[PDB]
Amino acid sequence: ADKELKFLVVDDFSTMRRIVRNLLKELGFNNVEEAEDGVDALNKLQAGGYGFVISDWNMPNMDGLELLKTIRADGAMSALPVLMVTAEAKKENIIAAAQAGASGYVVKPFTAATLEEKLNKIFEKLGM
Amino acid sequence: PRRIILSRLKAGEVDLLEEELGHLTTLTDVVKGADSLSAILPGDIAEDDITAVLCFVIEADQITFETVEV
Ligand SMILES: [Mn+2]
C-alpha cells in the first residue's frame, strides 16, 4: 500500500465524499480526488494517475454499477480496483457487484476500521 | 440439496464468510474448523454467484460444492 495511491471517491452527495476523504486521510491516504457521478468519474479517470476507486451505488447520469462495468470494459482502466458502496446489504446488489467485477463492497455508513479492513483485503488480493 | 466446503481459511476468515453467506442464503449444518467451514445450502443462489461474492475474500480454489442425499 503506497500512501500516495490516487483515490477517486465517487458520490453525488458531497457530504458522503467529505466523510470518505477524511476516513482515508485518517488511514494515511492523502491523494484523494472526487467525482459526482459515473460520467464525471469517467472523465476524471481519463487523465490517468489513479490507483483505486471508491464508488457509491445510485447516482444520476451514470450509476455505480455502470461505472464499474465501463471501467472493466476499458483497456487502460480494466485493472483498477473498485470498492462499491451500497446502502443496503441486499444480496441482489452484492451479487451484481461481484458479477460485474468489483473488488469488494462496503455498506454505509461505515467506520474507518471497516474501511481499513476492506482496503487491506483488496490490497492483499493484489499484493500492492 | 447442496453443501459448501471452504478450505485454507485464515484466522477469523471462517466467521467472516459465515456472515457473508448469511446475506445470500441460509446455512444449516454449519461446521467451523480452525481453517475450514462447511454448510448445507438450499437451492437458492446459483453456485457462480456464491463463488463470485466469496471471491471478494478467498480464491476460487478454496471453494467446493458437494451434493448430499436425504
Ligand atoms: Mn447516491
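The residue numbers of chain A are those assigned by Swiss-Prot, with the residues present covering 2-129 sequentially.
From the backbone N, Cα and C atoms, a Cβ is placed for every residue, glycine too.
Here Swiss-Prot flags A:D12, A:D13, A:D57, A:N59 as Mg(2+) binding site. For A:7-124, the entry in Swiss-Prot reads domain 'Response regulatory'. Per Swiss-Prot, 4-aspartylphosphate is recorded for A:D57. Annotation source Swiss-Prot lists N6-acetyllysine at A:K92, A:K109.
On the structure: features taken from Swiss-Prot.
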residue	record	DSSP class
A:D12	Mg(2+) binding site	coil
A:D57	Mg(2+) binding site	strand
A:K92	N6-acetyllysine	helix
A:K109	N6-acetyllysine	coil
Spatial neighbours of A:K109 (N6-acetyllysine), counting only the recorded positions A:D12, A:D13, A:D57, A:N59, A:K92 and Cα distances within 10 Å: A:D57
C-alpha spacing of A:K92 (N6-acetyllysine) relative to A:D57 (Mg(2+) binding site), in angstrom: 16
Entries of A:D57, A:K92, A:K109 (recorded positions) sitting next to ligand 1, with Cβ under 6 Å as the cut-off: A:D57
A:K92 (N6-acetyllysine) versus A:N59 (Mg(2+) binding site) - Cα distance in angstrom: 16
Other same-chain residues whose Cβ falls within 8 Å of the Cβ centroid of A:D12, A:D13, A:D57, A:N59, the recorded Mg(2+) site, in sequence order: A:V11, A:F14, A:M17, A:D38, A:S56, A:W58, A:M60, A:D64, A:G65, A:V86
Near-B candidates in A:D12, A:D13, A:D57, A:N59, A:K109, the recorded positions, by Cβ under 8 Å: none
Separation of alpha carbons, A:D12 (Mg(2+) binding site) and A:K92 (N6-acetyllysine) (Å): 21
Residues near A:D13 (Mg(2+) binding site) in space but at least six apart in sequence (CB under 8 A): A:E37, A:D38, A:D57, A:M60, A:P61
Local Cβ density at A:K92 (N6-acetyllysine) - other Cβ atoms counted within 10 Å: 15
For A:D12 (Mg(2+) binding site), nearby residues of its own chain (Cβ under 8 Å, 6 or more apart in sequence): A:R18, A:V21, A:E35, A:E37, A:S56, A:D57, A:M60, A:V86
